[PDB]
Structure formats: C-alpha cells, structure tokens
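File shown: coords-v9.txt. Contents: compact mmCIF, C-alpha atoms and all ligand atoms.
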```
# COMPACT_ATOMS: atom_id res chain seq x y z
CA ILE A 1 137.64 66.77 173.20
CA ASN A 2 140.46 66.47 170.63
CA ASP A 3 140.91 68.94 167.80
CA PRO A 4 143.77 68.33 165.32
CA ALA A 5 143.76 72.08 164.57
CA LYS A 6 145.50 72.88 167.87
CA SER A 7 148.64 71.06 166.64
CA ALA A 8 148.91 73.23 163.52
CA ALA A 9 151.19 76.27 163.65
CA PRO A 10 149.12 79.19 164.99
CA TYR A 11 148.66 81.97 162.45
CA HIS A 12 147.44 85.57 162.75
CA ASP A 13 147.82 88.84 160.87
CA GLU A 14 145.77 92.00 160.88
CA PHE A 15 145.61 95.51 159.39
CA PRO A 16 143.11 98.34 158.77
CA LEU A 17 141.08 97.66 155.61
CA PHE A 18 138.70 100.64 155.71
CA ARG A 19 140.69 103.71 156.70
CA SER A 20 138.75 106.67 158.15
CA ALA A 21 139.28 110.32 157.09
CA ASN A 22 141.74 111.00 159.95
CA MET A 23 144.19 108.25 158.95
CA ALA A 24 147.12 108.47 156.56
CA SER A 25 145.92 107.31 153.14
CA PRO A 26 142.19 107.49 153.98
CA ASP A 27 139.91 105.36 151.80
CA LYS A 28 138.13 107.34 149.11
CA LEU A 29 136.28 106.36 145.93
CA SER A 30 137.79 106.98 142.44
CA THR A 31 135.39 109.94 142.14
CA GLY A 32 137.13 111.65 145.06
CA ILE A 33 134.21 111.09 147.45
CA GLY A 34 135.55 110.47 150.98
CA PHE A 35 134.13 109.27 154.31
CA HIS A 36 134.45 110.39 157.90
CA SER A 37 133.90 106.84 159.15
CA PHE A 38 133.39 103.28 157.99
CA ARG A 39 131.04 101.13 160.09
CA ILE A 40 128.82 98.03 159.77
CA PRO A 41 131.13 95.40 158.15
CA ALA A 42 130.03 92.36 156.12
CA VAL A 43 132.27 89.81 154.40
CA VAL A 44 131.80 86.78 152.15
CA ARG A 45 134.05 84.50 150.11
CA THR A 46 132.66 83.84 146.65
CA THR A 47 132.71 80.45 144.85
CA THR A 48 135.90 81.57 143.02
CA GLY A 49 137.75 82.24 146.29
CA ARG A 50 137.61 86.06 145.90
CA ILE A 51 136.75 87.89 149.12
CA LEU A 52 134.21 90.73 149.15
CA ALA A 53 134.30 93.14 152.10
CA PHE A 54 131.38 95.58 152.51
CA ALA A 55 130.82 98.53 154.82
CA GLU A 56 128.76 101.59 155.38
CA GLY A 57 130.70 104.65 154.21
CA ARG A 58 129.41 107.28 156.62
CA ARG A 59 130.16 110.51 154.81
CA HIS A 60 130.10 113.26 157.40
CA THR A 61 129.94 111.80 160.93
CA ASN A 62 129.81 108.38 162.60
CA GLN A 63 125.99 108.60 163.03
CA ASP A 64 123.54 105.97 161.72
CA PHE A 65 121.56 108.52 159.67
CA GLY A 66 122.43 111.10 156.99
CA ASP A 67 124.41 110.54 153.78
CA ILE A 68 125.73 107.00 153.95
CA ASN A 69 126.97 105.01 150.97
CA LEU A 70 127.41 101.27 150.57
CA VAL A 71 131.08 100.66 149.85
CA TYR A 72 133.27 97.64 149.32
CA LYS A 73 136.66 96.22 148.50
CA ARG A 74 137.54 92.96 146.77
CA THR A 75 140.72 90.91 146.85
CA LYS A 76 142.60 91.69 143.61
CA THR A 77 142.71 88.00 142.75
CA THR A 78 140.57 84.94 143.54
CA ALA A 79 143.57 83.27 145.16
CA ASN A 80 145.38 85.81 147.34
CA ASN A 81 143.07 85.37 150.38
CA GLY A 82 143.50 89.06 151.33
CA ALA A 83 146.74 88.17 153.14
CA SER A 84 148.31 91.66 152.94
CA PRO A 85 147.25 95.26 152.23
CA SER A 86 148.56 95.04 148.64
CA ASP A 87 146.19 92.07 148.04
CA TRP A 88 143.13 94.35 148.24
CA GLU A 89 141.61 96.55 145.54
CA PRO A 90 140.91 100.24 146.17
CA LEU A 91 137.55 101.26 147.65
CA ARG A 92 134.52 100.87 145.36
CA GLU A 93 130.81 101.66 145.66
CA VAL A 94 127.78 99.40 145.44
CA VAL A 95 125.26 102.25 145.77
CA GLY A 96 125.48 105.88 146.90
CA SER A 97 122.51 107.60 145.23
CA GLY A 98 120.97 110.57 147.04
CA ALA A 99 121.84 111.90 150.50
CA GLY A 100 119.88 109.30 152.48
CA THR A 101 121.13 106.12 154.17
CA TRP A 102 122.20 103.00 152.23
CA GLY A 103 123.34 100.35 154.74
CA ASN A 104 122.97 97.14 156.74
CA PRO A 105 124.94 95.11 154.18
CA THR A 106 123.80 91.47 154.40
CA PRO A 107 125.37 89.41 151.60
CA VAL A 108 124.97 85.78 150.67
CA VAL A 109 126.72 83.85 147.91
CA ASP A 110 124.46 81.61 145.84
CA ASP A 111 125.40 78.32 144.08
CA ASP A 112 125.94 79.93 140.66
CA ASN A 113 128.17 82.59 142.30
CA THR A 114 125.47 85.23 142.13
CA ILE A 115 126.28 87.39 145.15
CA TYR A 116 123.06 88.77 146.62
CA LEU A 117 123.33 91.84 148.82
CA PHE A 118 120.38 92.75 151.03
CA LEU A 119 120.37 96.38 152.21
CA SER A 120 118.31 98.74 154.36
CA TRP A 121 117.59 102.30 153.21
CA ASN A 122 116.11 105.44 154.76
CA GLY A 123 115.60 108.97 153.40
CA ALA A 124 117.96 111.94 153.84
CA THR A 125 115.71 113.74 156.34
CA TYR A 126 114.75 110.80 158.63
CA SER A 127 116.46 109.10 161.56
CA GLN A 128 115.51 106.26 163.94
CA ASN A 129 114.96 108.62 166.87
CA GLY A 130 114.05 111.80 165.04
CA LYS A 131 115.06 115.36 165.99
CA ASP A 132 118.72 114.71 165.17
CA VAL A 133 120.69 117.62 163.71
CA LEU A 134 122.24 117.00 160.27
CA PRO A 135 125.53 118.65 159.15
CA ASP A 136 123.60 121.56 157.52
CA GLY A 137 121.48 122.25 160.64
CA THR A 138 118.36 120.46 159.29
CA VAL A 139 116.48 118.58 162.02
CA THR A 140 115.45 115.00 161.13
CA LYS A 141 111.92 113.59 161.21
CA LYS A 142 111.40 110.34 163.10
CA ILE A 143 111.33 107.22 160.91
CA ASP A 144 107.64 106.36 160.59
CA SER A 145 105.21 104.05 158.75
CA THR A 146 104.86 106.28 155.63
CA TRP A 147 106.39 105.27 152.30
CA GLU A 148 108.82 108.25 152.39
CA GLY A 149 109.61 107.87 156.11
CA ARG A 150 109.93 104.11 156.67
CA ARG A 151 112.95 101.85 156.46
CA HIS A 152 113.05 100.12 153.07
CA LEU A 153 114.56 96.76 152.19
CA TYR A 154 116.59 96.71 148.98
CA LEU A 155 118.28 93.94 146.97
CA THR A 156 121.21 94.21 144.57
CA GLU A 157 123.36 91.46 143.09
CA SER A 158 126.60 90.83 141.19
CA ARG A 159 126.97 88.31 138.37
CA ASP A 160 130.71 88.97 137.86
CA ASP A 161 132.32 88.08 141.22
CA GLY A 162 131.55 91.48 142.79
CA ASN A 163 133.04 93.53 139.95
CA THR A 164 129.72 95.30 139.22
CA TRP A 165 126.37 95.57 140.99
CA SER A 166 122.78 96.13 139.82
CA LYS A 167 120.88 99.26 140.78
CA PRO A 168 119.17 98.06 144.00
CA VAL A 169 115.56 96.91 143.65
CA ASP A 170 113.08 97.90 146.36
CA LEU A 171 111.58 94.76 147.93
CA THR A 172 109.92 96.48 150.92
CA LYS A 173 106.34 95.70 149.96
CA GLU A 174 107.19 92.02 149.30
CA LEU A 175 109.54 91.28 152.19
CA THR A 176 108.77 93.79 155.00
CA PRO A 177 105.45 93.49 156.83
CA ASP A 178 102.97 96.31 156.16
CA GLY A 179 102.76 99.20 158.64
CA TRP A 180 106.37 98.82 159.79
CA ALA A 181 108.53 101.89 160.37
CA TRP A 182 112.01 101.01 161.57
CA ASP A 183 113.53 97.91 159.96
CA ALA A 184 116.90 96.21 159.66
CA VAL A 185 118.38 93.39 157.62
CA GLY A 186 121.35 91.65 159.22
CA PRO A 187 123.80 93.22 159.24
CA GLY A 188 126.51 90.66 158.48
CA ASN A 189 125.57 87.73 156.22
CA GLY A 190 122.99 85.26 155.02
CA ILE A 191 123.64 81.54 154.55
CA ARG A 192 123.01 78.71 152.09
CA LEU A 193 121.65 75.54 153.74
CA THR A 194 122.81 72.01 153.10
CA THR A 195 119.31 71.49 151.71
CA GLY A 196 119.79 74.22 149.14
CA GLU A 197 117.74 77.20 150.41
CA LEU A 198 119.04 80.67 151.34
CA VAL A 199 118.38 82.24 154.74
CA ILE A 200 118.88 85.94 155.42
CA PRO A 201 118.43 87.19 159.00
CA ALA A 202 116.34 90.33 159.47
CA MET A 203 114.43 92.23 162.16
CA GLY A 204 111.66 89.97 163.53
CA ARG A 205 111.93 87.52 160.66
CA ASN A 206 114.02 85.42 158.29
CA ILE A 207 114.02 85.99 154.55
CA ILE A 208 114.00 82.68 152.75
CA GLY A 209 115.27 82.11 149.20
CA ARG A 210 114.09 79.05 147.26
CA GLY A 211 114.51 77.71 143.75
CA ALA A 212 117.13 78.29 141.07
CA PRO A 213 120.50 79.76 142.22
CA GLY A 214 120.73 83.48 141.43
CA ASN A 215 117.04 83.39 140.42
CA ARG A 216 115.44 82.83 143.82
CA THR A 217 111.86 83.15 145.00
CA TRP A 218 111.83 85.08 148.29
CA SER A 219 109.44 84.72 151.23
CA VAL A 220 109.19 85.81 154.86
CA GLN A 221 109.45 83.58 157.91
CA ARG A 222 107.96 85.53 160.80
CA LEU A 223 109.60 84.97 164.19
CA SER A 224 108.37 85.54 167.73
CA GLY A 225 110.73 87.40 170.05
CA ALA A 226 113.57 87.93 167.55
CA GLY A 227 115.87 90.98 167.69
CA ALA A 228 116.35 93.81 165.20
CA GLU A 229 119.93 92.69 164.39
CA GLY A 230 120.04 88.94 163.93
CA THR A 231 122.54 86.32 162.87
CA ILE A 232 121.85 82.92 161.35
CA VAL A 233 123.76 79.69 161.03
CA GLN A 234 123.01 76.08 160.26
CA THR A 235 124.37 74.07 163.17
CA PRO A 236 126.05 70.64 162.63
CA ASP A 237 122.74 68.84 163.33
CA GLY A 238 121.32 70.63 160.25
CA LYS A 239 118.95 72.81 162.27
CA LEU A 240 118.82 76.62 162.13
CA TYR A 241 120.15 78.88 164.86
CA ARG A 242 119.30 82.56 165.36
CA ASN A 243 121.76 84.41 167.60
CA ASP A 244 120.56 87.97 167.91
CA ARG A 245 121.63 91.27 169.47
CA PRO A 246 119.64 91.81 172.68
CA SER A 247 117.48 94.98 172.99
CA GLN A 248 119.25 95.75 176.29
CA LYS A 249 122.77 95.01 177.40
CA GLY A 250 123.18 91.49 178.76
CA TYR A 251 123.46 88.32 176.73
CA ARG A 252 122.99 87.16 173.14
CA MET A 253 119.44 85.99 172.43
CA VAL A 254 119.36 82.51 170.84
CA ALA A 255 116.56 80.48 169.19
CA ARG A 256 116.67 77.19 167.28
CA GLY A 257 114.42 75.79 164.57
CA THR A 258 113.87 74.93 160.92
CA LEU A 259 112.21 76.36 157.81
CA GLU A 260 108.95 75.19 159.42
CA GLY A 261 109.44 77.37 162.51
CA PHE A 262 111.49 78.31 165.57
CA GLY A 263 111.31 77.77 169.32
CA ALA A 264 111.44 80.65 171.80
CA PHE A 265 114.38 83.04 172.09
CA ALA A 266 116.26 82.84 175.38
CA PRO A 267 119.45 84.52 176.58
CA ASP A 268 122.66 82.49 176.30
CA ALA A 269 124.33 82.92 179.71
CA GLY A 270 127.64 81.84 178.14
CA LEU A 271 127.66 84.75 175.67
CA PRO A 272 127.58 88.20 177.32
CA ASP A 273 126.96 91.09 174.90
CA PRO A 274 126.75 94.88 175.38
CA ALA A 275 123.75 95.20 173.00
CA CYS A 276 125.86 95.14 169.86
CA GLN A 277 125.82 93.19 166.58
CA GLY A 278 127.81 89.90 166.45
CA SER A 279 128.76 87.35 163.80
CA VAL A 280 128.55 83.56 163.43
CA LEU A 281 130.21 81.18 160.92
CA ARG A 282 129.63 77.55 159.98
CA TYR A 283 133.17 76.19 159.74
CA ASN A 284 132.86 72.46 158.90
CA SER A 285 130.56 69.48 159.50
CA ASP A 286 132.99 66.52 159.51
CA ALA A 287 134.47 65.45 162.90
CA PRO A 288 135.09 67.57 164.78
CA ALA A 289 132.31 69.83 163.45
CA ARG A 290 132.74 73.49 164.40
CA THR A 291 130.70 76.70 164.67
CA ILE A 292 132.55 79.98 165.19
CA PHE A 293 131.11 82.98 167.03
CA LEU A 294 132.42 86.53 167.40
CA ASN A 295 131.21 89.41 169.56
CA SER A 296 132.24 91.67 172.39
CA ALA A 297 132.29 89.30 175.39
CA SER A 298 131.08 91.96 177.81
CA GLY A 299 127.85 93.21 179.27
CA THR A 300 129.08 96.84 179.16
CA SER A 301 131.81 97.45 176.59
CA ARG A 302 132.24 96.89 172.85
CA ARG A 303 136.04 96.58 173.37
CA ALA A 304 136.00 92.96 174.54
CA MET A 305 136.18 91.19 171.15
CA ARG A 306 136.34 87.41 171.54
CA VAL A 307 136.31 84.70 168.86
CA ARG A 308 134.97 81.30 170.04
CA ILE A 309 134.40 77.73 168.87
CA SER A 310 131.48 75.37 169.61
CA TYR A 311 131.69 71.64 168.98
CA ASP A 312 128.04 71.10 169.92
CA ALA A 313 125.70 69.69 167.30
CA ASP A 314 123.28 72.48 168.25
CA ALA A 315 125.94 75.08 169.25
CA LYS A 316 124.65 74.97 172.85
CA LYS A 317 128.01 75.97 174.33
CA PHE A 318 131.01 77.88 172.98
CA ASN A 319 134.48 77.68 174.53
CA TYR A 320 136.23 80.70 176.05
CA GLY A 321 137.99 81.22 172.72
CA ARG A 322 140.52 84.03 172.27
CA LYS A 323 140.53 87.76 172.86
CA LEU A 324 141.31 89.68 169.67
CA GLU A 325 143.47 92.01 171.78
CA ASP A 326 145.99 89.11 171.98
CA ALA A 327 146.90 90.25 168.48
CA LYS A 328 146.12 93.98 168.74
CA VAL A 329 146.34 96.38 165.79
CA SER A 330 148.21 99.61 166.40
CA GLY A 331 147.23 102.91 164.74
CA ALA A 332 143.56 102.27 163.94
CA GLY A 333 141.94 103.28 167.24
CA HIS A 334 140.28 101.12 169.89
CA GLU A 335 139.11 97.85 168.33
CA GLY A 336 135.62 96.59 169.05
CA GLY A 337 132.05 96.70 167.77
CA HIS A 338 130.35 94.97 164.81
CA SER A 339 132.08 92.05 163.10
CA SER A 340 131.67 89.67 160.15
CA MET A 341 133.51 86.41 159.44
CA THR A 342 134.26 84.29 156.39
CA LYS A 343 136.34 81.21 155.69
CA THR A 344 139.31 81.87 153.40
CA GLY A 345 140.76 79.65 150.68
CA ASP A 346 143.94 79.00 152.67
CA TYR A 347 142.21 77.47 155.73
CA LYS A 348 141.98 80.60 157.83
CA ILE A 349 139.13 82.64 159.26
CA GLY A 350 138.90 86.22 157.93
CA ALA A 351 137.16 88.76 160.14
CA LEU A 352 136.19 92.40 159.77
CA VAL A 353 135.97 94.28 163.09
CA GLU A 354 134.98 97.87 163.82
CA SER A 355 137.41 100.19 165.61
CA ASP A 356 136.84 103.60 167.18
CA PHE A 357 139.43 106.35 167.57
CA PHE A 358 137.24 107.89 170.31
CA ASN A 359 138.72 111.37 169.60
CA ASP A 360 135.24 112.85 170.26
CA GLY A 361 134.35 110.28 172.93
CA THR A 362 130.81 109.00 172.37
CA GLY A 363 130.31 111.96 170.00
CA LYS A 364 129.49 112.15 166.27
CA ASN A 365 133.04 113.21 165.35
CA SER A 366 134.76 110.04 166.62
CA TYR A 367 136.42 108.49 163.56
CA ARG A 368 135.54 104.84 162.94
CA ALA A 369 137.78 102.39 161.06
CA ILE A 370 137.42 98.72 160.07
CA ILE A 371 140.13 96.11 160.75
CA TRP A 372 140.73 92.97 158.68
CA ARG A 373 141.98 89.95 160.58
CA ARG A 374 143.09 86.53 159.52
CA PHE A 375 143.70 83.77 162.06
CA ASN A 376 143.48 79.99 161.98
CA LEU A 377 141.77 77.62 164.42
CA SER A 378 145.13 76.81 166.03
CA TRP A 379 145.46 80.49 166.91
CA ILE A 380 142.06 80.42 168.65
CA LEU A 381 142.76 77.14 170.45
CA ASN A 382 146.19 78.21 171.72
CA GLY A 383 144.74 81.25 173.53
CA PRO A 384 145.97 81.57 177.14
CA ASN A 385 142.49 81.83 178.67
CA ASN A 386 141.07 78.49 177.43
NA NA B 1 124.81 109.23 149.05
```

Output the structure of this file as structure tokens.
Amino acid sequence: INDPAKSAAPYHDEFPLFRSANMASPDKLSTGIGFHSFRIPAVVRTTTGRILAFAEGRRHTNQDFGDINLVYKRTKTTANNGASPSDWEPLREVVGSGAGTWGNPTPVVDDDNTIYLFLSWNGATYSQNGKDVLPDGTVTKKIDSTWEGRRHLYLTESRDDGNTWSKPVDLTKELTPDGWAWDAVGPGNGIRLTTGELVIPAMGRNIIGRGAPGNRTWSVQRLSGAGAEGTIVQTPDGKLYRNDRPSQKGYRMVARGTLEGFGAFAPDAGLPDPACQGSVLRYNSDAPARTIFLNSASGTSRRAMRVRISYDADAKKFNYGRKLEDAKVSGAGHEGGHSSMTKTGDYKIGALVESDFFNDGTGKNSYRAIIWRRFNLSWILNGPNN
C-alpha cells in the first residue's frame, strides 16, 4: 500500500519537442527539409544517460502514407536529462530516402549501447486503404502481398550513442511471415529482459533477439489474437506482458507469457482505450516494484491522456493515476494520441505525447506536434483523482 515516492516533492515540466510547420520555430533538418506534422513518438535512454527521441516526420500532411521520414533529436549531453528546450539538439534524420513511408520507430537499447531501431516501410504509391489522393493528385494503390506493395520491416542501428545510423537493412523475408501485406512494428519500444534477451513487439508476433549484445540473432514468436500495434514489458514476476491497441474502440488487449509462449488476449476492463497506441514502462523491481502505463483513458477520445502505476507482480491492475491535463501545455494544440516513455537519469519519467492543432478537424491538414514531458512518481501519486 505504501510508496515512499509519494513523500518526495512532486515534479513536472513539459514543452513541445517536435514543432509542426504552423508553429513559431518549426523543426526542420539542416538540409532545409521541413514537415507538416510529427507523429508516432518513440523514446529510449541509452546506457550513457543520453535520451533519444524519434518520430515520423510527415512531410506534406498528417496522413499515414506518402513521403514520411524517420527523424530524431538527442539530448546535447548524456547528463542533462532533457530538462529544458536548450538541452535538446536540433532535428536530425535517421532515414528519409525516396518519397515512400519510413516509420513505426521501435527502438531498444542493447547491453553494449548498440541502439537498435526497428522500422516499417511502404512505397510512395501505396497506402493501407488504397485509393487515397497524394499531394500531386496521384491515387494510391492498396498495400498488398507483392514485394513492391507490402509493408517491409527494416532495421538500423547506432554504435555512437545515436550520433549516426546505418542505412536500414531490409529484414522482411526473415522476420515478417510470407504472404503478409499490411504490417507494423511497435510503435514505441522494445525491451531487454532480466534474462538477457531482447523483445520487440510487432503485429501478430514478437521479435526476439538472442546472443551477443549489438550482434543479435533474431527470430519470430508468433502470437494468437495479438493486435497490429503492441507493447511489451517484463512484469515484476519476470513474465512477459503484451498490452496491445484493440482493433475497435474499447479496452486495451492484454496477454501474459514467456519466450515459450503466451496465453490468450483478453480486454483489460480497467484500461479503456479509443483504439489508439499506448506505452508501458518497467520502472523498478525492488519493493515496491512498479510498472507504468500511458494511454488515452477513454473509449471515444484520444484527448484523455492518463499515466498510471501498477504494483502487481503481473500488472493485473493499474491505479487511476494522473491526467496529463493536470499539467497542460499551452500553444501546441490539443494533447493526446500516441505516447512513449523512458526513465531519465535524474529519477523522473520522460514521456513523448502527440498533440493535434485540429485546425482542419479530422482532416489531412491538421498540424500535429509532439510534447515532451517529465514528471516523477510523486507527481503521479499526488493526483487529485486517486
Ligand atoms: Na523521404
């Protein structure tokens, strides 16, 4: 019942980290290439303490298809914990080749500090639904099972604390089942287990990394009833926990297991979700062991962001937690959507959260920004709705 964290001084601060084209000082690459929207956050802390924040740079509209580059920012130092805007480097690019889609960033930090980044890719003229109009009037083909038309799975890595990245290597044939069309990895993060393996959540499956850090052998763990956009965590009991986006609005879909297999997925009645990506973080295993979860706590809206704590050895139940709106950001639109969480070096939680200006309503011209938040456990625990 007791948590010493509640007695600590509560701490929170927050600011836009990826600034859309409509904002003052919009984020652009050194080449001058700019972006209508930033969506699909992912964040990890490396073994040095540096924080790496990734996003999809959606060039022309907020849509999932078309020219989309994989962008990122690092903290300028390994020790600043991204505490203020001046602590963050300017926008950089992992990969932006062609006019197709580079996205679904799903990083994991390995023991040697190799940072692996799993990505999804699709071609310039394809979209999930097909028949979508591109900025030049071109109508998309529907993503299909052909080599040119399917979703690919790519892997890149950094050996220098995120400073540079390898040209992504196509692992589709090795790590995506044959005959698939649509695919997704993450988005959000993979994990490293107490037992040494890596686990990367993907559509219908986990990707497992074994062997030498930064030199892993990869394999596929097929799952029954998993979602397209999954999250993974090792719960305090040492078991695995998939907490996935549902296909229809309702509740997060949860399954538990090990590297030998998972039980059935079932909705978690305690975690409503509007059919949107969420994030999960293993905080600590010593008493009192904690798992952190973040999503929109709503069956209908993405604007109900709520960070929560579970003390359960199997993360069966999360507390009410705290609404992010208790510490709202002004000037970056309506917060809510995808999220990704990391621990920081100064005993805080760092979270990236989508925001939507909604200037074009549900339309393609609605600018999307990404907020960076830091808060401690005390902040969560001192929420008025617990
Ligand atoms: Na591009």

Report as CSV the residues of chain A within 7 Å of ligand NA 1 (chain B), each with its shortest atom pair and distance in Å (one decimal), using only C-alpha atoms and all ligand atoms, ordered by chain and increasing residue number.
```
residue,atom,partner,partner_atom,distance
A:67,CA,B:NA1,NA,4.9
A:68,CA,B:NA1,NA,5.5
A:69,CA,B:NA1,NA,5.1
A:96,CA,B:NA1,NA,4.0
A:97,CA,B:NA1,NA,4.7
A:98,CA,B:NA1,NA,4.5
A:99,CA,B:NA1,NA,4.2
A:100,CA,B:NA1,NA,6.0
```

Inset, instruction - Find the residues around residue 19 (chain A) up to 7 Å (all atoms listed in the file counted), leave out those fewer than 5 positions away in its own chain, and share them as a VMD selection string. - result: chain A and resid 26 to 27 369 to 370

Extract, using all atoms listed in the file, all DNA, RNA and protein residues at most 12 Å from residue 124 (chain A), discarding same-chain residues fewer than 5 positions from it, and format them as a PDB file with C-alpha atoms, keeping the file's coordinate frame.
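The resulting file, out22.pdb, is shown below:
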```pdb
ATOM      1  CA  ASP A  64     123.540 105.970 161.720  1.00  0.00           C
ATOM      2  CA  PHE A  65     121.560 108.520 159.670  1.00  0.00           C
ATOM      3  CA  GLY A  66     122.430 111.100 156.990  1.00  0.00           C
ATOM      4  CA  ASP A  67     124.410 110.540 153.780  1.00  0.00           C
ATOM      5  CA  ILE A  68     125.730 107.000 153.950  1.00  0.00           C
ATOM      6  CA  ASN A  69     126.970 105.010 150.970  1.00  0.00           C
ATOM      7  CA  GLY A  96     125.480 105.880 146.900  1.00  0.00           C
ATOM      8  CA  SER A  97     122.510 107.600 145.230  1.00  0.00           C
ATOM      9  CA  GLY A  98     120.970 110.570 147.040  1.00  0.00           C
ATOM     10  CA  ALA A  99     121.840 111.900 150.500  1.00  0.00           C
ATOM     11  CA  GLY A 100     119.880 109.300 152.480  1.00  0.00           C
ATOM     12  CA  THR A 101     121.130 106.120 154.170  1.00  0.00           C
ATOM     13  CA  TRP A 102     122.200 103.000 152.230  1.00  0.00           C
ATOM     14  CA  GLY A 130     114.050 111.800 165.040  1.00  0.00           C
ATOM     15  CA  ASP A 132     118.720 114.710 165.170  1.00  0.00           C
ATOM     16  CA  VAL A 133     120.690 117.620 163.710  1.00  0.00           C
ATOM     17  CA  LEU A 134     122.240 117.000 160.270  1.00  0.00           C
ATOM     18  CA  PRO A 135     125.530 118.650 159.150  1.00  0.00           C
ATOM     19  CA  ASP A 136     123.600 121.560 157.520  1.00  0.00           C
ATOM     20  CA  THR A 138     118.360 120.460 159.290  1.00  0.00           C
ATOM     21  CA  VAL A 139     116.480 118.580 162.020  1.00  0.00           C
ATOM     22  CA  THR A 140     115.450 115.000 161.130  1.00  0.00           C
ATOM     23  CA  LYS A 141     111.920 113.590 161.210  1.00  0.00           C
ATOM     24  CA  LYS A 142     111.400 110.340 163.100  1.00  0.00           C
ATOM     25  CA  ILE A 143     111.330 107.220 160.910  1.00  0.00           C
ATOM     26  CA  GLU A 148     108.820 108.250 152.390  1.00  0.00           C
ATOM     27  CA  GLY A 149     109.610 107.870 156.110  1.00  0.00           C
ATOM     28  CA  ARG A 150     109.930 104.110 156.670  1.00  0.00           C
ATOM     29  CA  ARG A 151     112.950 101.850 156.460  1.00  0.00           C
TER      30      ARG A 151
END
```

Give me the residues within 9 Å of residue 301 (chain A) as a tab-separated table (two decimals) with C-alpha atoms, in the coordinates of the input, counting only C-alpha atoms and dropping any in the same chain fewer than 6 places off.
```tsv
chain	number	residue	atom	x	y	z
A	273	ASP	CA	126.96	91.09	174.90
A	274	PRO	CA	126.75	94.88	175.38
A	336	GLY	CA	135.62	96.59	169.05
A	337	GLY	CA	132.05	96.70	167.77
```

Inset, instruction - Determine, counting all atoms listed in the file, which protein, DNA and RNA residues have an atom within 6 Å of an atom of residue 110 (chain A); residues of the same chain fewer than 3 positions away are not included. Present the result as a PyMOL selection string. - result: chain A and resi 113-114+213

Keeping only C-alpha atoms, take the residues you just selected and write them out as a PDB file, keeping the file's coordinate frame.
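Now in part07.pdb:
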```pdb
ATOM      1  CA  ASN A 113     128.170  82.590 142.300  1.00  0.00           C
ATOM      2  CA  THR A 114     125.470  85.230 142.130  1.00  0.00           C
ATOM      3  CA  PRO A 213     120.500  79.760 142.220  1.00  0.00           C
TER       4      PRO A 213
END
```

Inset, instruction - Excluding residue 232 (chain A) and residues on its chain fewer than 3 positions from it, collect all residues at most 8 Å away from it, counting all atoms listed in the file, and give them as a list in words. - result: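 What passes the distance filter is residues 189, 190, 191, 199, 200, 201, 240, 241, 242, 243 and 280 of chain A.
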
Inset, instruction - Find the residues with any atom within 10 Å of (126.0, 73.4, 170.7); use only C-alpha atoms and the coordinates as given in the file, and write the answer as a PyMOL selection string. - result: chain A and resi 235-237+241+290-291+309-318

Legend entry - Pick from A:365, A:120, A:163, A:176, whichever lies nearest to residue 36 (chain A) using all atoms listed in the file: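 Residue with the minimum atom-to-atom distance to residue 36 (chain A): A:365.
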
Legend entry - For residue 248 (chain A), the nearest of the candidates A:63, A:165, A:283, A:300, counting all atoms listed in the file: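 Nearest candidate to residue 248 (chain A) out of A:63, A:165, A:283, A:300: A:300.
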
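CA of residue 386 (chain A) is positioned 20.7 Å from CA of residue 278 (chain A).
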
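Proximity ranking of A:15, A:296, A:183, A:22 relative to residue 358 (chain A) places A:22 first, based on only C-alpha atoms.
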
Quick one: contact table of region 263-308 of chain A to region 218-224 of chain A, 10 Å max, nearest atom pair and distance in Å to one decimal per residue, counting all atoms listed in the file, chain and number order, as a Markdown table?
```
| residue | atom | partner | partner_atom | distance |
| --- | --- | --- | --- | --- |
| A:263 | CA | A:224 | CA | 8.5 |
| A:264 | CA | A:224 | CA | 7.1 |
| A:265 | CA | A:224 | CA | 7.8 |
```

Legend entry - Proximity to residue 353 (chain A) - best of A:282, A:39, A:256, A:308, all atoms listed in the file: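 Among the listed residues, the smallest separation from residue 353 (chain A) belongs to A:39.
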
Inset, instruction - Kindly indicate which residue among A:121, A:88, A:180, A:372 lies nearest to residue 152 (chain A), using all atoms listed in the file for the distances. - result: A:121

Enclose region 318-337 of chain A, meaning all of its atoms listed in the file, in a box aligned along x, y and z, pad it by 5 Å on each side, and list the centre and edge lengths in Å to one decimal, as AutoDock Vina command-line options.
```
--center_x 139.6 --center_y 90.5 --center_z 170.0 --size_x 27.2 --size_y 35.6 --size_z 22.1
```

From (124.2, 81.6, 146.0), in the file's coordinates, out to 9 Å: which residues are reached, counting all atoms listed in the file? Answer as a PDB file with C-alpha atoms, in the coordinates of the input.
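Result saved to result29.pdb:
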```pdb
ATOM      1  CA  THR A  46     132.660  83.840 146.650  1.00  0.00           C
ATOM      2  CA  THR A  47     132.710  80.450 144.850  1.00  0.00           C
ATOM      3  CA  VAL A 108     124.970  85.780 150.670  1.00  0.00           C
ATOM      4  CA  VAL A 109     126.720  83.850 147.910  1.00  0.00           C
ATOM      5  CA  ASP A 110     124.460  81.610 145.840  1.00  0.00           C
ATOM      6  CA  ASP A 111     125.400  78.320 144.080  1.00  0.00           C
ATOM      7  CA  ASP A 112     125.940  79.930 140.660  1.00  0.00           C
ATOM      8  CA  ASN A 113     128.170  82.590 142.300  1.00  0.00           C
ATOM      9  CA  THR A 114     125.470  85.230 142.130  1.00  0.00           C
ATOM     10  CA  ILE A 115     126.280  87.390 145.150  1.00  0.00           C
ATOM     11  CA  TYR A 116     123.060  88.770 146.620  1.00  0.00           C
ATOM     12  CA  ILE A 191     123.640  81.540 154.550  1.00  0.00           C
ATOM     13  CA  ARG A 192     123.010  78.710 152.090  1.00  0.00           C
ATOM     14  CA  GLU A 197     117.740  77.200 150.410  1.00  0.00           C
ATOM     15  CA  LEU A 198     119.040  80.670 151.340  1.00  0.00           C
ATOM     16  CA  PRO A 213     120.500  79.760 142.220  1.00  0.00           C
ATOM     17  CA  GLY A 214     120.730  83.480 141.430  1.00  0.00           C
TER      18      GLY A 214
END
```

Legend entry - Shortest interatomic distance to residue 305 (chain A) - which of A:92, A:334, A:368, A:239, counting all atoms listed in the file: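 Between A:92, A:334, A:368, A:239, the residue approaching residue 305 (chain A) most closely is A:334.
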
Legend entry - d(CA of residue 57 (chain A), CA of residue 185 (chain A)) in Å: 17.0 Å

Inset, instruction - Measure the distance from CA of residue 30 (chain A) to CA of residue 78 (chain A) in Å and round it to one decimal. - result: 22.2 Å
